[PDB]
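Participant: opening piece of the complex, as it sits:
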Amino acid sequence: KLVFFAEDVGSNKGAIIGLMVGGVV
């Protein structure tokens, strides 16, 4: 399974788009 999530990093970047790959972290 794959999952799309956004990480709050502040800055002029706002949040970062990161995705999970397989199972659960």
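Facilitator: Done, it's in. Numbering: from 1, shown residues only, chains lettered A, B, ... in the order given.
Participant: tell me who's in contact with the residue nearest the centre of chain A.
Facilitator: In chain A, the centroid-proximal residue (C-alpha atoms, centre = their mean) is residue A:18; its distance is 2.9 Å. Residues near residue A:18 by C-beta atoms under 8 Å, 6 or more residues apart in numbering: A:4-7. Any C-beta I mention is one placed from the backbone N, CA and C, and that applies to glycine too.
Participant: sequence for chain B below, add it please:
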Amino acid sequence: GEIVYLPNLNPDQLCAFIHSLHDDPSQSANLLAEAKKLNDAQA
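Facilitator: Chain B, in position alongside the others:
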């Protein structure tokens, strides 16, 4: 910072979501709330 996962979200919603994150960095945080709510709303 805070993290928001979009599992039950719709792919088109993800595209619109990523678009909104880029439109304004400050909004990303607020968008994260609504986006996260969608995961619950579409759950």
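Participant: can you tell me how far the residue nearest to the centre of chain A is from chain B?
Facilitator: Residue A:18 is 8 Å from chain B, where distance means C-beta to the nearest C-beta, to the nearest Å.
Participant: and that residue, how far is that from residue B:17?
Facilitator: Between residue A:18 and residue B:17 the distance is 13 Å, computed by C-beta to C-beta, to the nearest Å.
Participant: include this sequence as chain C:
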Amino acid sequence: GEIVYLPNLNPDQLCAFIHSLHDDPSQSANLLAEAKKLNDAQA
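Facilitator: Following on from the chains above, chain C is added here:
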């Protein structure tokens, strides 16, 4: 779970990736390899 980050990919690219990723789940690993390539290509 292996977690990937694509801050370097533009919304259009992430949208393209997310659509292809969703449309072809079987190729999700291979397609990701390309996004990882993009991660480096957009680096």
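Participant: chain C added, so what about the contacts of residue A:18 now?
Facilitator: The contact partners of residue A:18, by C-beta atoms under 8 Å, 6 or more residues apart in numbering or on different chains, come to A:4-7, C:3-6.
Participant: swap in 6 Å and give it another go.
Facilitator: Counting by C-beta atoms under 6 Å, 6 or more residues apart in numbering or on different chains, residue A:18 makes contact with A:5, A:7, C:5.
Participant: restricted to buried residues, select the residues you listed in ChimeraX.
Facilitator: Command for ChimeraX, covering only those of the contacts of residue A:18 found buried under the criterion 16 or more other C-beta atoms under 10 Å in any protein chain shown:
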select /A:5,7
